Every structure is written in structure tokens, then in C-alpha cells.
Amino acid sequence: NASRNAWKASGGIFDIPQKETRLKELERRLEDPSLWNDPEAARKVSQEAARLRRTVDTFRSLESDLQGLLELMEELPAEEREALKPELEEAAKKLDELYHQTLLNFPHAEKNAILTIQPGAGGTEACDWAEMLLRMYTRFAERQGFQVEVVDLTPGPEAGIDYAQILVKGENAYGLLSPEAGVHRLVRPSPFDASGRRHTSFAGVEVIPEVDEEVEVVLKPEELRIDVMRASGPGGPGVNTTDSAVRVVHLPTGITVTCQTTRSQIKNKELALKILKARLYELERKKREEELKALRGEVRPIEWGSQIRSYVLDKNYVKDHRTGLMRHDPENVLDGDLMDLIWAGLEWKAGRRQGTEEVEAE
Amino acid sequence: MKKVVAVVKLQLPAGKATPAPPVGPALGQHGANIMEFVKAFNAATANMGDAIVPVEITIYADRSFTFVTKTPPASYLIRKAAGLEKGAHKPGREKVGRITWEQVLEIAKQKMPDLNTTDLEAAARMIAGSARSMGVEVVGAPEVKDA
RNA sequence: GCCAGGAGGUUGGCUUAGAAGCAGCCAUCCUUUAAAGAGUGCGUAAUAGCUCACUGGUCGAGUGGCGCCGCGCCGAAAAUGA
Ligand SMILES: [Mg+2]
Ligand SMILES: [Mg+2]
Ligand SMILES: [Mg+2]
Ligand SMILES: [Mg+2]
Ligand SMILES: [Mg+2]
Ligand SMILES: [Mg+2]
Ligand SMILES: [Mg+2]
Ligand SMILES: [Mg+2]
Ligand SMILES: [Mg+2]
Ligand SMILES: [Mg+2]
Ligand SMILES: [Mg+2]
Ligand SMILES: [Mg+2]
Ligand SMILES: [Mg+2]
Ligand SMILES: [Mg+2]
Ligand SMILES: [Mg+2]
Ligand SMILES: [Mg+2]
Ligand SMILES: [Mg+2]
Ligand SMILES: [Mg+2]
Ligand SMILES: [Mg+2]
Ligand SMILES: [Mg+2]
Ligand SMILES: [Mg+2]
Ligand SMILES: [Mg+2]
């Protein structure tokens with residue numbers, strides 16, 4: 001297990017010098033009496049002190065399992081050297097906590113997730129590749145300990161999928177499948193091509209947890225104003241002296257509506273409200289779109305080069321264009337070996353591009 | 001003669017020490033030189049081990065302090081036979097331990113000189129009492145006897 | 001009503017950035033002693049500060065709570081002049 005040591009060790013090492021200088025500018029700010037006088041402004045101050053716990057603990061735990069472990073173990077069959085191995089069996093136990101406490105910090109990492117696959121540039125082979133990816137994440141779920149349900153799926157003309165969607169249950173379902181965003185790339189001699197030469201094919205992937213609803217709470221009586229007024233058109237003296245028309249404007253949203261199709265004020269006041277309900281439902285569905293579709297991807301051309309990870313079956317090599325990381329087993333990776341990818345490199349760069357954005361300028 | 005402007009209650013291990021709060025704002029808004037004042041803190045913590053030693057502070061007018069180290073809380077005695085670092089969330093129903101009537105007696109001797117409570121007979125009920133409300137009930141034998 | 005103390009372990013166990021009798025959760029020690037409740041309210045970022053509860057003194061004659069009945073008070077704004 002000496003191949004993942006320096007990876008996890010140095011992983012908690014780059015936070016040492018940076019947080020060292022910042023916590024110093026804060027800890028000395030917590031001294032002067034004039035600081036705490038600020039109401040909630042001072043909470044943001046003592047808050048950063050609540051981080052000197054989830055940083056100094058590694059300065060002690062990770063540093064001790066590096067100074068003591070690396071010593072007595074350089075050479076010996078099983079005497080005092082192999083006996084020092086179980087001494088750090090908890091070093092892999094504690095490795096779990098440092099890894100976890102940097103993934104759940106995502107928006108909704110803890111809850112489940114939905115993953116929709118859809119073919120793209122690459123002809124009918126691309127339509128066939130999508131089913132491969134489906135069968136990849138599917139096995140990756142069971143083997144991760146997750147449950148799976150195909151929420152929807154549609155076979156292609158000759159391939160096997162023009163579209164597919166799969167809800168993965170279990171904790172951190174959105175966390176692990178997060179870096180699976182974007183279009184992947186496939187390279188291999190096309191099984192559908194007569195000359196069988198090497199063709200490229202693409203396919204997009206998306207991930208997102210889940211939400212709820214709120215239909216009636218909107219039509220709170222406190223919000224909208226209701227008006228009464230005589231009706232336009234026929235009626236006799238009854239129409240002139242009896243106001244039955246109604247105008248139910250929604251004050252906040254400003255959207256108004258008027259009705260007077262029936263001789264009655266209540267049945268108009270009633271209808272005019274069922275009408276406002278429909279429009280206010282269609283106004284909540286429009287705003288319900290940006291906050292449930294912008295999370296998918298701010299782009300995703302699915303074209304060429306829009307990919308973030310290529311899988312070449314000719315020369316046998318996958319490659320994450322994000323971490324620059326490489327590999328030599330596309331045949332197994334497209335079966336469940338996503339852990340090696342998501343764990344070390346994927347979640348890293350994923351949180352890195354946002355973790356370097358906040359701790360600098362954003 | 002003596003002098004005091006504002007007292008305060010602080011805690012810390014019997015040896016190690018750090019300027020961070022809640023001890024932070026303390027030795028910063030009243031002054032406390034770690035160049036000589038702390039050298040009166042390590043003298044009584046060199047031979048003695050570590051514990052929940054709460055320094056019953058008493059700041060003077062001249063920024064100085066009274067490093068008279070007082071005995072740990074009566075709750076430090078329960079987590080000595082058990083080994084816990086907390087306490088039950090509901091003292092009454094559940095139970096995090098069961099220190100016998102003997103444990104409460106042996107380590108409680110340390111608490112009498114600092115406390116104002118009388119003999120070891122009186123210093124016995126206090127420690128068991130500081131356990132009646134922290135999720136635990138003692139078990140004894142001699143007890144009443146009576147006529 | 002006024003003079004004085006109003007505490008010690010204790011900073012109650014747990015939650016929590018902080019919860020020092022005083023957001024919340026769970027609650028049933030003792031002792032200097034004449035008396036002071038692991039605490040009534042305010043004050044705090046967390047504390048110190050104020051007070052009751054209780055005891056001492058002074059005063060010097062009544063005082064406090066609860067149930068019931070009679071009558072009454074508020075709740076109570078309109079359009080030609082009451
Ligand atoms: Mg209102
Ligand atoms: Mg009209
Ligand atoms: Mg007509
Ligand atoms: Mg008519
Ligand atoms: Mg009419
Ligand atoms: Mg009318
Ligand atoms: Mg004090
Ligand atoms: Mg008087
Ligand atoms: Mg007084
Ligand atoms: Mg007074
Ligand atoms: Mg007293
Ligand atoms: Mg008193
Ligand atoms: Mg006073
Ligand atoms: Mg007690
Ligand atoms: Mg008490
Ligand atoms: Mg006090
Ligand atoms: Mg004051
Ligand atoms: Mg009555
Ligand atoms: Mg009555
Ligand atoms: Mg009446
Ligand atoms: Mg009036
Ligand atoms: Mg009039």
C-alpha cells in the first residue's frame with residue numbers, strides 16, 4: 001500500500017503552509033476587546049477558529065504516522081518490522097476521515113443522485129457506447145454498495161440507447177458520481193463500419209440529487225388583493241347596480257386577472273382564483289428551471305473536444321484530460337474501476353477548481 | 001495588602017498550553033506575559049501529570065495574576081475509573097457508567113483541601129452527587145446499618 | 001421599607017463558535033452556618049455587576065393567599081341635531 005501513501009500524505013500537506021499564515025491573521029484578531037463588540041460580524045471571526053481543529057488534527061495525526069511508520073519497516077521478514085505494520089492499520093482507518101471531510105462539503109453530496117446518459121457526436125457507434133457507460137456506472141453502484149433503479153431507458157434503432165437515466169440510491173450517491181459530469185470520449189475501430197477503421201464517438205453524462213414542491217402556499221390571502229366592480233355588458237338594472245366582476249391581482253408578482261362570466265360575485269371570485277393558480281404555477285415552473293438545470297452544466301457541447309476523459313481501446317489507455325492523469329486498462333475501467341479515478345484525482349480537481357476559487361478571489 | 005480588578009475562571013492541561021481561546025481573549029484584554037508568568041505555571045506541572053486542572057484565576061490591577069492552581073472538577077473523578085471524555089445526554093434514564101461507592105471515596109481525598117467542605121465523610125456525598133446528574137448511579141454495601 | 005451577607009466544590013453533566021445560576025436537553029449533592037435555592041429577573045459574545053428567595057438587626061401592629069356572592073369599571077367607532 002506504499003503507492004497511495006505519499007498521495008494521501010502530501011494531500012494534507014499543501015494545506016499546511018497556506019492555512020498556517022491565515023489562521024495567524026485570525027487568531028491575533030480574536031484578542032482585542034474591540035473585536036467581539038461587533039454583533040454577528042464577530043461570529044465570522046471566531047468561526048475560522050473552528051477550522052483550526054480540522055487542520056491541526058492532521059498536523060498531528062498525519063505527521064506522526066509518517067515519522068514513526070517510515071522508520072522501523074525498511075527491512076525484516078516478520079519480526080519487529082511486520083509488527084509495526086498493524087500499528088498503522090488505523091492509519092488507513094483515519095485516512096477515511098480526511099478523505100470524507102472534503103467531499104461532503106459539496107452542496108448536496110450526502111443525498112442520492114440522478115444520472116442521465118445521452119449519445120452524441122460519433123454516429124450509431126456513439127449510440128452503442130452510451131449503453132456501455134450505463135453498464136459501467138450500473139456495476140459501479142452495486143460494487144460501491146449502492147442500489148439502482150432505471151428511471152427511464154430507450155433502445156436505439158440498431159444500437160441500444162438513444163437516452164437513459166438511472167437513479168442511484170445510498171449516501172454520497174451525488175458525491176462520487178459528481179466528477180462523472182461532462183462528455184466522455186471513445187476511440188476504437190467501429191463495429192458498425194464496413195471498412196472498420198478507427199472512429200471516435202462521444203456521449204454526455206449528468207448528475208443531480210432531488211427536490212420537492214409548493215403549490216398552495218403561494219396563494220396566501222395576505223399576498224393578493226381582490227377588487228369588485230360593476231360588469232360590462234347586458235344584465236338589466238341588476239348589472240348596473242350589482243357589481244359581480246372581480247379583479248384578483250397578485251401584489252408581489254404583479255400579475256393580475258379579471259373575471260365576470262357568471263351572474264355571481266362568488267363564482268367569479270372563485271373562477272378568477274383558479275385562473276390565477278394556473279398562471280402562478282406556470283410562473284413557478286419557469287423559475288424552477290434555472291435552479292434545476294443550471295446545475296447540470298454551464299455548457300456541454302457534446303461535440304468534438306467537449307470531452308473530459310478519453311477511452312482508447314486500440315492502444316488500451318484511458319485518460320482524464322482534467323487531472324492529466326493516465327491509465328492502462330480501458331477494458332476494466334468500463335466495468336467498475338471508477339474508484340481509482342474519482343478517489344485520488346477526480347474529486348480532487350473537482351473541488352480544487354472551486355476550492356482555489358474561493359480561497360483567492362470569488 | 002493586595003489588589004484585584006476583575007476575576008475570571010479558566011481551564012487547561014497540567015503542562016501543555018496554547019494562546020488560543022477561550023484562554024486567548026483572556027491573556028490579551030488584561031495582559032499576561034508568557035515570558036515570566038507562565039514559568040510559574042510549569043513549576044507545578046513538571047512533576048505532576050496532566051488533568052482537568054482549573055486555575056482559579058484572580059487578576060490584579062497591575063495586569064498580573066494569581067497562579068494558585070486549584071483542584072479539578074468533581075466530574076474529573078467519574079471519568080477516572082471509567083475513562084470517558086463526555087457524559088450521558090440524559091442523567092436519569094440511560095447510564096454511561098457505574099463507578100462503585102469505593103471509587104468515589106478513594107480519589108475524592110484530593111478534593112478536600114481546596115474545598116470548604118469538612119471531613120471525608122462529607123466530601124463523600126458531593127462526588128457521588130456530582131454523578132447523580134451526569135448519567136450514573138453508585139453501588140455500595142456498608143451504608144446505613146443503623147441500630 | 002431601610003443596614004449586612006447572599007458563597008464554597010460549582011465554571012452542574014450534555015448539546016454548542018460561546019451556553020460560567022440565566023437558548024435548549026436531562027435534572028432531585030453538600031457545607032462555613034443564623035441563612036443563600038446545582039438558581040426569580042435583568043445585564044453578557046462568554047463572564048463580573050443588580051435582586052429576590054433565606055437568615056441577622058431595627059421597627060412595632062397586624063398581614064398575605066385563595067374560593068364565593070352583590071353592585072359597578074374597561075372592552076365600546078357612523079354618517080341631518082342632540
Ligand atoms: Mg402577516
Ligand atoms: Mg371592460
Ligand atoms: Mg338580453
Ligand atoms: Mg339589460
Ligand atoms: Mg344591488
Ligand atoms: Mg347594492
Ligand atoms: Mg467570579
Ligand atoms: Mg431604615
Ligand atoms: Mg446586601
Ligand atoms: Mg443591600
Ligand atoms: Mg453568607
Ligand atoms: Mg442570602
Ligand atoms: Mg450586594
Ligand atoms: Mg450534585
Ligand atoms: Mg448550586
Ligand atoms: Mg455571581
Ligand atoms: Mg457593573
Ligand atoms: Mg368568585
Ligand atoms: Mg362572584
Ligand atoms: Mg353588567
Ligand atoms: Mg373611548
Ligand atoms: Mg347627524
# chains A, B, ... in the order shown; residues from 1 in each chain; ligands from 1

call {"tool": "residues_near_ligand", "arguments": {"ligand": "ligand 19", "cutoff": "9 Å", "atoms": "only C-alpha atoms (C1' of nucleotides) and all ligand atoms", "output": "PDB file with N, CA and C atoms (P, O5', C5', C4', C3', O3' and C1' of nucleotides), in the first residue's frame"}}
result
ATOM      1  P     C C  68     -64.947  30.714  42.871  1.00  0.00           P
ATOM      2  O5'   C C  68     -66.010  31.143  43.978  1.00  0.00           O
ATOM      3  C5'   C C  68     -67.010  30.236  44.414  1.00  0.00           C
ATOM      4  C4'   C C  68     -68.016  30.911  45.311  1.00  0.00           C
ATOM      5  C3'   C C  68     -68.695  32.148  44.746  1.00  0.00           C
ATOM      6  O3'   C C  68     -69.743  31.850  43.841  1.00  0.00           O
ATOM      7  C1'   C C  68     -67.982  32.592  46.944  1.00  0.00           C
ATOM      8  P     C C  69     -70.172  32.926  42.725  1.00  0.00           P
ATOM      9  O5'   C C  69     -70.984  34.008  43.570  1.00  0.00           O
ATOM     10  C5'   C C  69     -72.260  33.699  44.111  1.00  0.00           C
ATOM     11  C4'   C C  69     -72.815  34.842  44.926  1.00  0.00           C
ATOM     12  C3'   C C  69     -72.909  36.188  44.228  1.00  0.00           C
ATOM     13  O3'   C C  69     -74.016  36.291  43.348  1.00  0.00           O
ATOM     14  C1'   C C  69     -71.996  36.489  46.378  1.00  0.00           C
ATOM     15  P     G C  70     -74.026  37.413  42.196  1.00  0.00           P
ATOM     16  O5'   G C  70     -74.242  38.758  43.018  1.00  0.00           O
ATOM     17  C5'   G C  70     -75.374  38.921  43.857  1.00  0.00           C
ATOM     18  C4'   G C  70     -75.425  40.304  44.444  1.00  0.00           C
ATOM     19  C3'   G C  70     -75.196  41.449  43.475  1.00  0.00           C
ATOM     20  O3'   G C  70     -76.328  41.742  42.675  1.00  0.00           O
ATOM     21  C1'   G C  70     -73.932  41.821  45.424  1.00  0.00           C
TER      22        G C  70
END

call {"tool": "interface_residues", "arguments": {"of": "chain C", "to": "chain A", "cutoff": "10 Å", "atoms": "only C-alpha atoms (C1' of nucleotides)", "output": "list in words"}}
result
residues 17, 18 and 45 of chain C

call {"tool": "write_last_selection", "arguments": {"atoms": "C-alpha atoms (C1' of nucleotides)", "output": "PDB file, in the first residue's frame"}}
result
ATOM      1  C1'   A C  17     -18.233  29.030  17.787  1.00  0.00           C
ATOM      2  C1'   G C  18     -19.580  30.644  23.238  1.00  0.00           C
ATOM      3  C1'   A C  45     -20.138  37.421  22.887  1.00  0.00           C
TER       4        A C  45
END

call {"tool": "residues_near_ligand", "arguments": {"ligand": "ligand 16", "cutoff": "9 Å", "atoms": "only C-alpha atoms (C1' of nucleotides) and all ligand atoms", "output": "PyMOL selection string"}}
result
chain C and resi 20-21+48-49

call {"tool": "residues_around", "arguments": {"residues": "residue 31 of chain B", "least_positions_apart": "5", "cutoff": "9 Å", "atoms": "only C-alpha atoms (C1' of nucleotides)", "output": "list in words"}}
result
residues 26, 62, 63 and 64 of chain B

call {"tool": "closest_residue", "arguments": {"among": "A:177, A:239, A:13, A:72", "to": "ligand 3", "atoms": "only C-alpha atoms and all ligand atoms"}}
result
A:239

call {"tool": "select_by_dssp", "arguments": {"residues": "segment 234-337 of chain A", "states": "alpha helix (DSSP H)", "output": "PyMOL selection string"}}
result
chain A and resi 237-241+265-290+330-333

call {"tool": "write_last_selection", "arguments": {"atoms": "C-alpha atoms", "output": "PDB file, in the first residue's frame"}}
result
ATOM      1  CA  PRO A 237     -80.718  47.225 -13.735  1.00  0.00           C
ATOM      2  CA  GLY A 238     -79.144  44.240 -11.988  1.00  0.00           C
ATOM      3  CA  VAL A 239     -75.867  44.658 -13.886  1.00  0.00           C
ATOM      4  CA  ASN A 240     -75.716  48.411 -13.264  1.00  0.00           C
ATOM      5  CA  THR A 241     -76.430  48.315  -9.520  1.00  0.00           C
ATOM      6  CA  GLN A 265     -69.661  37.565  -7.436  1.00  0.00           C
ATOM      7  CA  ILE A 266     -68.537  34.424  -5.609  1.00  0.00           C
ATOM      8  CA  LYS A 267     -68.388  32.173  -8.668  1.00  0.00           C
ATOM      9  CA  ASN A 268     -66.371  34.879 -10.441  1.00  0.00           C
ATOM     10  CA  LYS A 269     -64.178  35.438  -7.387  1.00  0.00           C
ATOM     11  CA  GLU A 270     -63.832  31.644  -7.413  1.00  0.00           C
ATOM     12  CA  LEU A 271     -63.020  31.215 -11.108  1.00  0.00           C
ATOM     13  CA  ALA A 272     -60.710  34.228 -11.205  1.00  0.00           C
ATOM     14  CA  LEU A 273     -58.738  32.467  -8.472  1.00  0.00           C
ATOM     15  CA  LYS A 274     -58.480  29.069 -10.167  1.00  0.00           C
ATOM     16  CA  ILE A 275     -57.171  31.030 -13.152  1.00  0.00           C
ATOM     17  CA  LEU A 276     -54.520  32.846 -11.111  1.00  0.00           C
ATOM     18  CA  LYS A 277     -53.484  29.464  -9.708  1.00  0.00           C
ATOM     19  CA  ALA A 278     -52.705  28.143 -13.179  1.00  0.00           C
ATOM     20  CA  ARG A 279     -50.590  31.147 -14.152  1.00  0.00           C
ATOM     21  CA  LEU A 280     -48.754  31.230 -10.818  1.00  0.00           C
ATOM     22  CA  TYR A 281     -47.986  27.549 -11.286  1.00  0.00           C
ATOM     23  CA  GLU A 282     -46.513  28.302 -14.707  1.00  0.00           C
ATOM     24  CA  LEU A 283     -44.513  31.180 -13.224  1.00  0.00           C
ATOM     25  CA  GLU A 284     -43.054  28.929 -10.521  1.00  0.00           C
ATOM     26  CA  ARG A 285     -42.146  26.297 -13.121  1.00  0.00           C
ATOM     27  CA  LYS A 286     -40.104  28.813 -15.122  1.00  0.00           C
ATOM     28  CA  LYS A 287     -38.032  29.831 -12.098  1.00  0.00           C
ATOM     29  CA  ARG A 288     -37.926  26.154 -11.113  1.00  0.00           C
ATOM     30  CA  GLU A 289     -35.852  25.643 -14.258  1.00  0.00           C
ATOM     31  CA  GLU A 290     -32.725  27.748 -13.683  1.00  0.00           C
ATOM     32  CA  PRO A 330      -9.924   0.816 -20.574  1.00  0.00           C
ATOM     33  CA  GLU A 331     -11.380  -2.693 -20.625  1.00  0.00           C
ATOM     34  CA  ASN A 332     -11.715  -2.962 -16.837  1.00  0.00           C
ATOM     35  CA  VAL A 333     -12.427   0.700 -16.068  1.00  0.00           C
TER      36      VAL A 333
END

call {"tool": "residues_near_ligand", "arguments": {"ligand": "ligand 20", "cutoff": "10 Å", "atoms": "only C-alpha atoms (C1' of nucleotides) and all ligand atoms", "output": "PyMOL selection string"}}
result
chain C and resi 71-73

call {"tool": "residues_around", "arguments": {"residues": "residue 96 of chain B", "least_positions_apart": "6", "cutoff": "8 Å", "atoms": "only C-alpha atoms (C1' of nucleotides)", "output": "PyMOL selection string"}}
result
chain B and resi 87-88+135-136

call {"tool": "write_last_selection", "arguments": {"atoms": "C-alpha atoms", "output": "compact mmCIF listing (two decimals), in the first residue's frame"}}
result
# COMPACT_ATOMS: atom_id res chain seq x y z
CA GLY B 87 -21.29 12.31 29.78
CA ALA B 88 -24.79 10.93 29.29
CA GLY B 135 -25.80 9.80 33.98
CA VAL B 136 -24.68 7.31 36.62

call {"tool": "residues_near_ligand", "arguments": {"ligand": "ligand 2", "cutoff": "12 Å", "atoms": "only C-alpha atoms (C1' of nucleotides) and all ligand atoms", "output": "list in words"}}
result
residues 229, 230, 231, 232, 233, 245, 246, 247, 258, 259 and 260 of chain A

call {"tool": "write_last_selection", "arguments": {"atoms": "N, CA, C and O atoms", "output": "JSON list (two decimals), in the first residue's frame"}}
result
[["chain", "number", "residue", "atom", "x", "y", "z"],
["A", 229, "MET", "N", -66.36, 45.43, -8.85],
["A", 229, "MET", "CA", -66.77, 46.48, -9.77],
["A", 229, "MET", "C", -67.91, 45.99, -10.66],
["A", 229, "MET", "O", -68.00, 44.80, -10.95],
["A", 230, "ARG", "N", -68.79, 46.90, -11.08],
["A", 230, "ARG", "CA", -69.91, 46.53, -11.93],
["A", 230, "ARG", "C", -69.42, 45.91, -13.23],
["A", 230, "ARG", "O", -68.30, 46.19, -13.67],
["A", 231, "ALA", "N", -70.25, 45.09, -13.85],
["A", 231, "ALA", "CA", -69.85, 44.36, -15.06],
["A", 231, "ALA", "C", -70.17, 45.09, -16.36],
["A", 231, "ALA", "O", -71.16, 45.82, -16.46],
["A", 232, "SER", "N", -69.31, 44.90, -17.36],
["A", 232, "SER", "CA", -69.55, 45.40, -18.70],
["A", 232, "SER", "C", -70.49, 44.44, -19.43],
["A", 232, "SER", "O", -70.34, 43.22, -19.33],
["A", 233, "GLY", "N", -71.45, 44.99, -20.17],
["A", 233, "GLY", "CA", -72.38, 44.16, -20.92],
["A", 233, "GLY", "C", -73.78, 44.09, -20.34],
["A", 233, "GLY", "O", -74.12, 44.84, -19.42],
["A", 245, "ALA", "N", -68.25, 41.63, -11.16],
["A", 245, "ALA", "CA", -66.91, 41.47, -11.72],
["A", 245, "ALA", "C", -65.87, 41.46, -10.61],
["A", 245, "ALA", "O", -66.09, 42.02, -9.54],
["A", 246, "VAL", "N", -64.74, 40.81, -10.87],
["A", 246, "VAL", "CA", -63.69, 40.67, -9.87],
["A", 246, "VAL", "C", -62.32, 40.85, -10.51],
["A", 246, "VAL", "O", -62.10, 40.42, -11.64],
["A", 247, "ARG", "N", -61.40, 41.48, -9.78],
["A", 247, "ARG", "CA", -60.03, 41.62, -10.24],
["A", 247, "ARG", "C", -59.07, 41.16, -9.14],
["A", 247, "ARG", "O", -58.87, 41.87, -8.15],
["A", 258, "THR", "N", -58.86, 39.23, -14.26],
["A", 258, "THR", "CA", -60.23, 39.70, -14.10],
["A", 258, "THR", "C", -61.25, 38.71, -14.67],
["A", 258, "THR", "O", -60.99, 38.07, -15.69],
["A", 259, "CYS", "N", -62.41, 38.60, -14.03],
["A", 259, "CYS", "CA", -63.43, 37.65, -14.45],
["A", 259, "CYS", "C", -64.85, 38.15, -14.14],
["A", 259, "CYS", "O", -65.06, 38.90, -13.19],
["A", 260, "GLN", "N", -65.81, 37.71, -14.95],
["A", 260, "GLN", "CA", -67.19, 38.19, -14.82],
["A", 260, "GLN", "C", -68.14, 37.44, -15.75],
["A", 260, "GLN", "O", -69.13, 37.99, -16.23]]

call {"tool": "residues_near_ligand", "arguments": {"ligand": "ligand 21", "cutoff": "12 Å", "atoms": "only C-alpha atoms (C1' of nucleotides) and all ligand atoms", "output": "VMD selection string"}}
result
chain C and resid 74 to 77

call {"tool": "write_last_selection", "arguments": {"atoms": "N, CA and C atoms (P, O5', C5', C4', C3', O3' and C1' of nucleotides)", "output": "PDB file, in the first residue's frame"}}
result
ATOM      1  P     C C  74     -66.607  52.055  31.657  1.00  0.00           P
ATOM      2  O5'   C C  74     -65.392  51.293  30.965  1.00  0.00           O
ATOM      3  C5'   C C  74     -64.116  51.902  30.870  1.00  0.00           C
ATOM      4  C4'   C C  74     -63.053  50.908  30.482  1.00  0.00           C
ATOM      5  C3'   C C  74     -63.168  50.305  29.094  1.00  0.00           C
ATOM      6  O3'   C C  74     -62.707  51.176  28.076  1.00  0.00           O
ATOM      7  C1'   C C  74     -62.645  48.618  30.665  1.00  0.00           C
ATOM      8  P     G C  75     -63.479  51.255  26.674  1.00  0.00           P
ATOM      9  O5'   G C  75     -63.387  49.758  26.143  1.00  0.00           O
ATOM     10  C5'   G C  75     -62.177  49.250  25.605  1.00  0.00           C
ATOM     11  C4'   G C  75     -62.263  47.765  25.381  1.00  0.00           C
ATOM     12  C3'   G C  75     -63.251  47.305  24.315  1.00  0.00           C
ATOM     13  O3'   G C  75     -62.713  47.379  23.003  1.00  0.00           O
ATOM     14  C1'   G C  75     -63.517  46.001  26.279  1.00  0.00           C
ATOM     15  P     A C  76     -63.608  47.909  21.776  1.00  0.00           P
ATOM     16  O5'   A C  76     -63.958  49.402  22.203  1.00  0.00           O
ATOM     17  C5'   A C  76     -64.359  50.363  21.234  1.00  0.00           C
ATOM     18  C4'   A C  76     -65.690  50.994  21.579  1.00  0.00           C
ATOM     19  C3'   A C  76     -65.700  51.878  22.830  1.00  0.00           C
ATOM     20  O3'   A C  76     -66.557  53.002  22.617  1.00  0.00           O
ATOM     21  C1'   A C  76     -67.298  50.151  23.059  1.00  0.00           C
ATOM     22  P     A C  77     -66.067  54.246  21.719  1.00  0.00           P
ATOM     23  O5'   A C  77     -66.074  53.643  20.243  1.00  0.00           O
ATOM     24  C5'   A C  77     -67.209  53.782  19.395  1.00  0.00           C
ATOM     25  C4'   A C  77     -66.830  54.391  18.068  1.00  0.00           C
ATOM     26  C3'   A C  77     -67.947  54.539  17.055  1.00  0.00           C
ATOM     27  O3'   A C  77     -68.747  55.684  17.294  1.00  0.00           O
ATOM     28  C1'   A C  77     -66.019  53.645  16.002  1.00  0.00           C
TER      29        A C  77
END

call {"tool": "interface_residues", "arguments": {"of": "chain C", "to": "chain B", "cutoff": "6 Å", "atoms": "only C-alpha atoms (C1' of nucleotides)", "output": "list in words"}}
result
residues 8, 9, 13, 14, 26, 29, 30 and 31 of chain C

call {"tool": "decode", "arguments": {"residues": "segment 112-125 of chain B", "atoms": "N, CA, C and O atoms", "output": "mmCIF file, in the first residue's frame"}}
result
data_model
loop_
_atom_site.group_PDB
_atom_site.id
_atom_site.type_symbol
_atom_site.label_atom_id
_atom_site.label_comp_id
_atom_site.auth_asym_id
_atom_site.auth_seq_id
_atom_site.Cartn_x
_atom_site.Cartn_y
_atom_site.Cartn_z
ATOM 1 N N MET B 112 -10.579 17.595 49.104
ATOM 2 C CA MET B 112 -10.917 18.173 50.405
ATOM 3 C C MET B 112 -10.144 19.443 50.791
ATOM 4 O O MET B 112 -10.732 20.385 51.322
ATOM 5 N N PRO B 113 -8.822 19.470 50.539
ATOM 6 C CA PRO B 113 -8.020 20.624 50.970
ATOM 7 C C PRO B 113 -8.424 21.937 50.299
ATOM 8 O O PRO B 113 -8.384 22.987 50.939
ATOM 9 N N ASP B 114 -8.805 21.875 49.026
ATOM 10 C CA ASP B 114 -9.213 23.065 48.285
ATOM 11 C C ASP B 114 -10.655 23.461 48.595
ATOM 12 O O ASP B 114 -10.964 24.642 48.755
ATOM 13 N N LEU B 115 -11.530 22.464 48.674
ATOM 14 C CA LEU B 115 -12.935 22.678 49.006
ATOM 15 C C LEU B 115 -13.069 23.209 50.432
ATOM 16 O O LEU B 115 -12.122 23.137 51.217
ATOM 17 N N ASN B 116 -14.239 23.749 50.763
ATOM 18 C CA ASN B 116 -14.509 24.204 52.124
ATOM 19 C C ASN B 116 -15.340 23.192 52.914
ATOM 20 O O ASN B 116 -15.632 23.393 54.094
ATOM 21 N N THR B 117 -15.718 22.104 52.249
ATOM 22 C CA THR B 117 -16.466 21.025 52.885
ATOM 23 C C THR B 117 -15.585 20.252 53.869
ATOM 24 O O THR B 117 -14.378 20.120 53.664
ATOM 25 N N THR B 118 -16.197 19.742 54.933
ATOM 26 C CA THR B 118 -15.463 19.118 56.033
ATOM 27 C C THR B 118 -14.798 17.777 55.707
ATOM 28 O O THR B 118 -14.236 17.590 54.628
ATOM 29 N N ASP B 119 -14.867 16.855 56.666
ATOM 30 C CA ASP B 119 -14.158 15.578 56.592
ATOM 31 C C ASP B 119 -14.484 14.767 55.343
ATOM 32 O O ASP B 119 -15.289 15.178 54.509
ATOM 33 N N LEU B 120 -13.847 13.605 55.228
ATOM 34 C CA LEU B 120 -14.026 12.732 54.074
ATOM 35 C C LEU B 120 -15.436 12.149 54.021
ATOM 36 O O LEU B 120 -15.897 11.711 52.966
ATOM 37 N N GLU B 121 -16.117 12.140 55.164
ATOM 38 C CA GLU B 121 -17.495 11.671 55.222
ATOM 39 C C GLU B 121 -18.394 12.641 54.463
ATOM 40 O O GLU B 121 -19.290 12.229 53.725
ATOM 41 N N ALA B 122 -18.136 13.932 54.645
ATOM 42 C CA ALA B 122 -18.891 14.977 53.967
ATOM 43 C C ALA B 122 -18.460 15.126 52.510
ATOM 44 O O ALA B 122 -19.281 15.414 51.639
ATOM 45 N N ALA B 123 -17.169 14.936 52.253
ATOM 46 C CA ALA B 123 -16.632 15.021 50.897
ATOM 47 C C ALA B 123 -16.998 13.787 50.070
ATOM 48 O O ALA B 123 -16.597 13.660 48.912
ATOM 49 N N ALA B 124 -17.757 12.880 50.680
ATOM 50 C CA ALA B 124 -18.200 11.660 50.013
ATOM 51 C C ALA B 124 -19.489 11.871 49.219
ATOM 52 O O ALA B 124 -19.610 11.408 48.085
ATOM 53 N N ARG B 125 -20.451 12.566 49.821
ATOM 54 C CA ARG B 125 -21.747 12.793 49.184
ATOM 55 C C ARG B 125 -21.656 13.729 47.979
ATOM 56 O O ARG B 125 -22.440 13.614 47.036
#
